[PDB]
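Colleague: Quick one: the structure is below, questions incoming.
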Amino acid sequence: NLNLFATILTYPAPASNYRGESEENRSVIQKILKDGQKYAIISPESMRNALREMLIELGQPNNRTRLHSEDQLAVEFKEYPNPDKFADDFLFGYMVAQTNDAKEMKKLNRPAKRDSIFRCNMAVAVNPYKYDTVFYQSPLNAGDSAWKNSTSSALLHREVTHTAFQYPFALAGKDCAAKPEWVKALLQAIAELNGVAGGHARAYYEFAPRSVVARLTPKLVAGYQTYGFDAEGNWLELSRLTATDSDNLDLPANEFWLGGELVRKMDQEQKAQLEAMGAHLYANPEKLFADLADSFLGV
Amino acid sequence: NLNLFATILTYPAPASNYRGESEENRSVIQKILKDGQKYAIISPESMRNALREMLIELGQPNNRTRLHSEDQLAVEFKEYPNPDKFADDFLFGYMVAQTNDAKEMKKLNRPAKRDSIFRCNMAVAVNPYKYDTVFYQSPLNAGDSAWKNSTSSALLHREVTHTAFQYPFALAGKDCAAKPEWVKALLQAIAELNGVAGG
Amino acid sequence: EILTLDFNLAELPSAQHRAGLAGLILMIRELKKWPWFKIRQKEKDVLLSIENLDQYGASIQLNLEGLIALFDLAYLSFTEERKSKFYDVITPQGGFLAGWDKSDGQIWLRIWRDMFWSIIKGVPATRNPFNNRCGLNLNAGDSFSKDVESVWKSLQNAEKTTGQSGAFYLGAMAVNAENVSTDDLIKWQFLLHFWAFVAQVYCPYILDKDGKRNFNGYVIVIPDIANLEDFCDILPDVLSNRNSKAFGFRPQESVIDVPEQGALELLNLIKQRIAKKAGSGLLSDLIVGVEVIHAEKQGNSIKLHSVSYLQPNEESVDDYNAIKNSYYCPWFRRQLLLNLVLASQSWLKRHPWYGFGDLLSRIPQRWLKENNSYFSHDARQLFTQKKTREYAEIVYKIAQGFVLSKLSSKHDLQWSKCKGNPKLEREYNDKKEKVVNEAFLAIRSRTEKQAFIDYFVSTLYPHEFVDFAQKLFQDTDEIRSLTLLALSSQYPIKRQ
Amino acid sequence: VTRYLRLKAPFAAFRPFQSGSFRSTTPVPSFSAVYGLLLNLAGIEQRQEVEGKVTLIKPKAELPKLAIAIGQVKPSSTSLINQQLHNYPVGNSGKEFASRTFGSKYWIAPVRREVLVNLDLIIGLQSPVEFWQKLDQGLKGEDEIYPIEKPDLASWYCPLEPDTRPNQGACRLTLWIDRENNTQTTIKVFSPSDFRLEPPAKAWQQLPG
DNA sequence: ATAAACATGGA
DNA sequence: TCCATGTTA
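Chains as they are written, first to last, in the deposited numbering: chain E, 3 to 301; chain F, 3 to 201; chain L, 7 to 91, 118 to 373, 379 to 423, 434 to 510, 515 to 547; chain A, 11 to 152, 171 to 237.
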């Protein structure tokens with residue numbers, strides 16, 4: 003009687019997102035001092051925007067468009083979200099209007115104020131930044147054209163790196179049962195994420211699922227904490243395999259299925275026989291999420 | 003309705019990209035870290051330029067060319083004659099100012115920004131290299147007919163390495179406006195991709 | 007009419023109000039020293055009296071004419087002529129500061145005046161009070177009281193609520209995530225009209241491609257007062273004990289590099305004065321906290337950059353007193369201030390400044406490193422300001448041995464003989480330059496866990516004492532930093 | 011106190027109450043936020059949730075009575091990770107802005123703010139048996173938090189008097205705030221005390237809410 | 001290199 | 001409420 007939540011990881015590839023805050027003639031990316039080192043990060047807002055973009059791409063109706071305007075970035079094509087259906091897919095439906103639609107006298111619907119479903123965390127890298135730098139040609143557009151030229155040509159430089167990202171869902175409750183079809187579509191959209199960051203078309207980075215593993219009974223999250231993991235290793239495996247071997251009877255491994263994409267290639271039989279005969283199938287994320295939805299329709 | 007993307011590689015041979023960003027006496031190539039080792043890079047701008055060049059060569063309508071006759075290199079046909087009606091691959095070049103061709107509204111109703119149909123990525127090697135590899139030599143001067151008068155008289159060095167490298171690319175799916183011959187010609191140009199290098 | 011106001015320092019929500027109390031008290035004290043003030047007192051029956059001045063509270067008694075006189079003195083202003091490539121610009125007088133800035137040309141005041149136009153009154157609609165009092169002669173009996181009456185009406189019931197305007201230099205009318213308005217007291221809003229005269233101002237800057245300082249905005253320093261009577265007694269001489277040397281059209285001391293530098297500077301002046309002025313408690317007993325604001329104007333809008341709270345600890349003051357000794361500190365070694373911050382008490386001792394010092398030095402100053410040696414890089418950090436200490440010293444020995452031995456093996460010319468004869472120093476020095484910079488750039492790139500140690504073959508090319520690989524193979528960064536920085540010690544000294 | 015429980019979290023943010031155009035943060039959460047978090051974790055819904063331009067109109071007549079302290083184990087640093095967040099304009103609000111009126115929130119403008127690298131808290135609650143029982147039922151009944177009360181003791185906080193100059197104290201703090209015209213909360217400054225011993229009775233504060 | 005995207009109190 | 005305006009060493 004809950005909503006399951008998990009953690010995803012991405013295949014390594016060069017970074018794309020330049021996070022502005024440019025100083026002198028260089029573009030940089032924000033860092034965090036996790037243990038005195040550098041790490042590239044992404045705010046959850048970009049993932050929310052990209053997921054809504056995939057929802058509109060799949061054909062699910064919505065009532066909001068962010069279109070490329072010539073003057074300044076803005077969002078339009080939105081009307082009063084009177085029904086919870088046909089709008090915003092049961093999430094992110096804010097409103098702060100001071101005088102609107104006779105409040106509820108003729109709206110006759112809930113204010114939809116300070117409401118959210120599927121609150122997601124923010125992405126973190128797994129490898130420290132080594133102070134890389136790649137220079138940049140950047141010649142002037144023209145010396146004779148009618149259009150301007152910035153009066154000169156410069157020589158820029160930007161930094162890139164290759165690093166995977168991990169990302170938790172943090173979706174719980176049971177109120178999201180009005181539209182199970184919408185839930186399945188949203189799960190498929192997450193499974194089919196690509197170009198989540200707004201970084202740039204060239205050198206594009208895409209978030210494909212890679213060994214997404216987490217589950218729990220109708221109790222609040224604990225145990226693995228979604229972070230504190232090593233890089234390009236078996237953090238999934240080492241962490242939860244060790245915990246479950248220590249907690250085979252303490253926590254139910256039947257509902258909390260297997261972990262790690264590498265163990266799908268070797269020692270799968272030994273781990274399965276030592277732990278349980280549960281629904282620990284792991285071949286591809288697509289069919290995995292398919293059976294998650296199959297088991298979730300009943301709950 | 004249908005998307006496509008592929009990763010392609012080539013045959014081994016010495017390096018070709020050269021920029022000399024470090025110094026006059028020592029030339030270096032771009033270097034990237036990977037699992038503690040080092041690898042070579044070919045930036046996507048070079049492939050964009052090469053694709054533009056082959057689209058020039060394959061008898062396709064063009065909206066950009068160089069001059070190679072200026073003290074500092076620039077582009078002329080991209081910005082001077084063309085109001086950006088139809089780019090090479092619908093790239094629809096952008097630039098911001100107080101106005102652009104009468105605010106680019108009345109004369110030609112197009113957005114200021116661009117389309118960016120193509121989707122490329124950085125090219126990376128497959129095996130690491132290691133430090134300096136070859137010597138070099140330079141002359142003293144012209145001597146009698148004094149027109150150059152460099153008077154350098156130095157023995158510089160060059161950096162070479164043998165590696166075959168690969169790179170991915172992707173294409174948009176639902177783009178079909180004026181596609182039938184444009185996109186297939188672009189694909190045919192990709193098929194060869196001959197003249198790309200830093201030198 | 008007679009009105010009495012009582013204030014307690016504990017009830018103030020922000021340190022700005024605490025500064026406002028001191029500013030108002032200093033305003034009254036300075037105003038009590040003018041012949042025209044007492045002339046108006048004896049003519050129009052002006053009431054102004056501080057009743058209970060102590061450490062914990064304050065009491066004031068005043069009439070309407072007292073408020074008129076205070077607003078006449080505070081909002082005094084005049085007009086100044088500046089040229090263009118002509119126009120009139122109204123400039124505030126500056127109040128009691130005009131009587132304390134003994135620097136030539138009152139250059140400090142100028143900066144203060146500039147700041148008052150930059151951030152204080154960015155919205156021109158708030159410039160009305162200075163427009164009315166332009167050119168007025170208080171010695172000739174000129175006065176203005178139209179706006180004073182409204183303030184008097186409001187102060188008649190100070191306990192009533194009101195709305196915060198932009199006169200508070202932080203936040204907006206409601207921040208306006210939604211329509212919220214704001215809460216404040218009329219008496220509290222009155223206090224904010226005078227704290228701007230106590231704040232300290234410094235000019236930050238950035239470095240361009242050519243290394244020139246480009247100044248942007250200002251840094252405002254606000255003290256937190258613990259004992260009011262002590263503070264108001266000590267500040268008049270603290271201001272008077274400032275330096276007077278000017279760089280260009282700005283004071284040399286006015287130039288700072290980081291927002292926290294000015295906070296240290298102010299309390300350093302306070303610590304100088306506590307030795308100069310006795311009878312008071314420690315700096316903690318005087319100042320509880322320091323507030324630093326970074327601001328800059330952009331068009332018709334005002335943007336903030338950094339807000340922070342500091343601590344008055346003296347052990348950091350002792351360390352900071354060392355940096356000013358070195359003359360013309362380079363902006364790279366200057367970054368030593370950044371690493372000043379049971380975990381981070383002794384983090385400075387490892388000097389892990391190679392990374393960020395190299396990052397900026399690469400881009401525009403790899404070209405400029407040959408220019409003036411940035412005053413010998415403060416003798417290359419004063420030559421490390423002179434077995435882990437022996438581990439640091441062997442690097443210095445090895446670098447010098449390498450450069451000398453390699454230069455000798457190249458042509459067998461010795462600086463001992465070169466210094467003996469003239470007209471041959473710079474030919475030797477040019478080869479020294481071109482033999483050191485190439486190695487420095489070689490170590491500049493191609494740096495990682497394993498490849499770096501193979502470059503040590505070149506360092507010992509013309510070639515106990517081995518039981519340190521358990522450090523070299525493990526750190527790989529401290530040793531790299533030392534080999535990078537100490538190699539610049541052998542870089543040639545400037546001719547002058 | 012009856013018993014206390016420990017928790018940790020990797021990321022969090024505590025905005026000053028109407029900080030301004032540019033946001034900021036404090037090293038430790040406000041007491042009101044902690045009280046609200048504990049009340050919600052037990053499953054106790056908010057006493058009043060009326061709707062209008064604003065909310066949070068809370069009388070104290072029907073509200074649990076309880077005493078809360080605060081603790082801290084490991085210092086944490088801060089970072090700034092943001093570039094934009096739209097607002098609601100003040101002024102003409104001209105052209106389209108007035109045309110749309112669809113829960114407006116238009117005129118997106120850049121702005122930065124701060125985050126905390128890590129966070130850990132130790133303090134619990136002194137409360138009657140029934141409240142603790144229903145809190146346990148809310149936690150377990152029909171990131172991670174668990175009670176390690178007796179061991180693993182660290183530094184604490186306490187209001188400071190005009191003496192005994194502290195170190196690295198919190199500039200401001202909030203006790204009980206309602207989003208209306210009021211006097212807000214009385215005491216602002218707080219001081220940390222470092223000793224591996226049970227916090228003094230001064231650390232415990234009986235919350236009016 | 002452009003490159004931009006706010007406030008007061010006034011009848 | 002609405003509708004009156006301001007530039008440099």
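Where is the CB? At the ideal position from N, CA and C, for every residue including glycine.
1) Checking contacts by CB at 7 Å: is E/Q100 closer than that to chain L?
2) In this structure, does DSSP put L/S358 in helix, strand or coil?
3) Can you say whether F/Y41 is buried or exposed, counting buried as having 16 or more other CB atoms within 10 angstroms of its CB?
4) So, does the CB of E/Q32 fall closer than 7 Å to a CB anywhere in chain A?
5) For L/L396, return the contacting residues in chain E, with the cut-off set at a CB-CB distance below 7 Å.
6) Can you tell me whether L/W140 is helix, strand or coil according to DSSP?
7) Compute the distance between the beta-carbons of A/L47 and A/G134, then report whether it is under 7 Å.
8) Comparing C-alpha positions only, which one of L/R417, L/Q497, L/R399 sits nearest to L/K545?
9) Thinking C-alpha only, which one of E/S152, E/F88, E/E271, E/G200 is nearest E/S18?
10) Distance check for A/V100 and A/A108, CA to CA, integer angstroms please.
11) Starting from the beta carbon of L/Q461, find every residue of chain A whose beta carbon is closer than 8 Å, and list them in chain order.
12) With three or more beta-carbon pairs closer than 8 Å as the criterion, would you say the region 322 to 337 of chain L touches the region 252 to 265 of chain L?
13) If I'm right that E/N5 touches E/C178 with Cβ under 8 Å, what's the distance once you round it to whole angstroms?
14) Looking only at C-alpha atoms, which of L/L9, L/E7, L/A28 sits nearest to L/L15?
15) Could you tell me whether the Cβ atoms of L/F148 and L/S83 are closer together than 7 Å?
16) On the three-state DSSP scale, how would you describe L/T435?
17) With 16 other CB atoms within 10 Å as the buried threshold, where does A/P120 fall?
18) To the nearest angstrom, report how far apart F/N111 and F/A104 are at their CA atoms.
19) In this structure, does DSSP put L/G26 in helix, strand or coil?
20) Assign residue 2 of chain F to one of three DSSP states: helix, strand, or coil.
21) Pick out the complete alpha helix (DSSP H) segments inside the region 264 to 337 of chain L, 4 residues or longer, and give them in chain order.
22) Can you round the beta-carbon distance between L/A258 and L/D216 to whole angstroms, since I take them to be within the 8 Å contact cut?
23) Report the option in L/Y352, L/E529, L/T158, L/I400 whose CA atom is closest to the CA atom of E/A156.
24) Is L/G72 closer than 7 Å to L/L54 when the C-beta atoms are compared?
25) Taking 7 Å as the threshold (beta carbon to beta carbon), is L/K496 in contact with chain F?
26) Taking DSSP as the reference, what is the three-state secondary structure of F/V128?
27) 7 Å is my cut-off, CB to CB: does A/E124 come that close to chain E?
28) Give the interface partners of L/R493 over in chain F, defined as CB-CB distance under 8 Å, in chain order.
29) Comparing C-alpha positions only, which one of E/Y133, E/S152, E/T163, E/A216 sits nearest to E/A127?
30) Count the other CB atoms within 10 Å of the CB of L/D518; is the residue buried (16 or more) or exposed (fewer)?
31) Could you tell me whether the region 127 to 145 of chain L touches the region 270 to 277 of chain L, using the rule of 3 or more Cβ pairs below 8 Å?
32) Are the C-beta atoms of A/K63 and some chain E residue less than 7 Å apart?
33) Check whether the Cβ atoms of L/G127 and L/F229 sit closer than 7 Å, and answer yes or no.
34) Return the CA-CA distance between F/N196 and F/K80, expressed in angstroms with no decimal places.
35) Given a threshold of 16 other Cβ atoms within 10 Å of its Cβ, counted over all protein chains shown, does F/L188 qualify as buried or as exposed?
36) Roughly how far, in whole angstroms, is the beta-carbon of A/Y174 from the beta-carbon of A/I80, given that I think they are within contact range, below 8 Å?
Modeller: To lay it out plainly:
1) Here residue 100 of chain E refers to the residue found at position 98 of the first sequence. Interface residue, yes.
2) For the purposes of this step, residue 358 of chain L is taken as residue 326 along the third sequence, with counting starting at 1. In the structure shown, L/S358 sits in coil (DSSP, three-state: anything other than H, G, I, E or B).
3) Sequence index remark: in the second sequence, residue 41 of chain F carries index 39 (1-based). Flag for F/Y41 reads buried.
4) Position 30 of the first sequence, counting from 1, holds the residue named residue 32 of chain E. Yes, because at least one Cβ of chain A sits closer than 7 Å to the Cβ of E/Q32.
5) Counting from 1 along the third sequence, the entry for residue 396 of chain L is found at position 359. Per Cβ cutoff of 7 Å: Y133.
6) Here residue 140 of chain L is taken as the residue at index 108 of the third sequence, counted from 1. Helix at L/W140.
7) The count along the fourth sequence starts at 1 and reaches residue 47 of chain A at position 37. The count along the fourth sequence starts at 1 and reaches residue 134 of chain A at position 124. Going by C-beta atoms, A/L47 is not nearer than 7 Å to A/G134.
8) As a working note, residue 545 of chain L is residue 494 in the third sequence. Comparing Cα-Cα distances from L/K545 to each of L/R417, L/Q497, L/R399, the minimum goes to L/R417.
9) Within the first sequence, residue 18 of chain E is the residue found at index 16, counting from 1. It is E/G200 whose Cα lies nearest to the Cα of E/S18.
10) As a working mapping, residue 108 of chain A is identified with position 98 in the fourth sequence. As a working mapping, residue 100 of chain A is identified with position 90 in the fourth sequence. A/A108 and A/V100: Cα-Cα distance of roughly 12 Å.
11) Residue numbering aside, residue 461 of chain L sits at position 414 when the third sequence is read from its first letter. Per Cβ cutoff of 8 Å: no residues; L/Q461 is ~53 Å from chain A at best.
12) Segment contact: the region 322 to 337 of chain L against the region 252 to 265 of chain L, three or more CB-CB distances shorter than 8 Å; contact assigned.
13) Residue numbering aside, residue 5 of chain E sits at position 3 when the first sequence is read from its first letter. Residue numbering aside, residue 178 of chain E sits at position 176 when the first sequence is read from its first letter. The Cβ separation is near 6 Å, so the contact holds.
14) Here residue 15 of chain L refers to the residue found at position 9 when the third sequence is read from its first residue. Of L/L9, L/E7, L/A28, the residue nearest in Cα terms is L/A28.
15) Within the third sequence, the letter at position 116 stands for residue 148 of chain L. Within the third sequence, the letter at position 77 stands for residue 83 of chain L. Not in contact: L/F148 and L/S83 (Cβ atoms no closer than 7 Å).
16) Stepping through the third sequence from its first residue, residue 435 of chain L is reached at position 388. If DSSP states are grouped into helix, strand and coil, L/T435 belongs with the helices.
17) By one-based count along the fourth sequence, residue 120 of chain A stands at place 110. Looking at its Cβ environment, which holds fewer than 16 other Cβ atoms inside 10 Å, A/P120 is exposed.
18) Here residue 111 of chain F refers to the residue found at position 109 of the second sequence. Here residue 104 of chain F refers to the residue found at position 102 of the second sequence. Spanning the two alpha carbons is a distance of roughly 11 Å.
19) By one-based count along the third sequence, residue 26 of chain L stands at place 20. It is helical.
20) Any question about residue 2 of chain F goes unanswered here, given that chain F covers just 3 to 201.
21) 291 to 308, 315 to 318
22) To locate residue 258 of chain L, count along the third sequence from 1; it is residue 226. To locate residue 216 of chain L, count along the third sequence from 1; it is residue 184. About 24 Å separates the two Cβ atoms, so there is no contact after all.
23) For this step, residue 156 of chain E is matched to residue 154 along the first sequence. Per the Cα distances, L/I400.
24) Indexing the third sequence from 1 puts residue 54 of chain L at position 48. Indexing the third sequence from 1 puts residue 72 of chain L at position 66. Cβ atoms of L/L54 and L/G72: closer than 7 Å.
25) The sequence position of residue 496 of chain L within the third sequence is 449, counting from 1. Output row for L/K496: interface = yes.
26) In the second sequence, counting from the first residue as 1, residue 128 of chain F sits at position 126. Residue state, collapsed to three classes: coil.
27) Within the fourth sequence, residue 124 of chain A is the residue found at index 114, counting from 1. Between A/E124 and chain E, the shortest Cβ-Cβ separation is not below 7 Å.
28) Here residue 493 of chain L corresponds to residue number 446 of the third sequence, with the count starting at 1. Think of a sphere of 8 Å around the beta carbon of L/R493: the chain F residues whose beta carbon falls inside it are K33, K40, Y133, in chain order.
29) Here residue 127 of chain E is taken as the residue at index 125 of the first sequence, counted from 1. Ranking E/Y133, E/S152, E/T163, E/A216 by Cα distance to E/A127 puts E/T163 first.
30) As a first step, residue 518 of chain L is located in the third sequence; it is residue number 467 there, counting from the start. When all chains shown are included, L/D518 counts as exposed.
31) yes
32) Here residue 63 of chain A is taken as the residue at index 53 of the fourth sequence, counted from 1. Cβ-Cβ to chain E under 7 Å: yes for A/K63.
33) Looking up residue 127 of chain L in the third sequence gives position 95. Looking up residue 229 of chain L in the third sequence gives position 197. For L/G127 and L/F229, yes; Cβs fall inside 7 Å.
34) As a working note, residue 196 of chain F is residue 194 in the second sequence. As a working note, residue 80 of chain F is residue 78 in the second sequence. Answer to the nearest angstrom: the Cα atoms are 23 Å apart.
35) The residue you call residue 188 of chain F lines up with position 186 of the second sequence. So F/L188 counts as buried.
36) Here residue 174 of chain A is taken as the residue at index 146 of the fourth sequence, counted from 1. Here residue 80 of chain A is taken as the residue at index 70 of the fourth sequence, counted from 1. Not really, about 18 Å apart at Cβ, beyond 8 Å.
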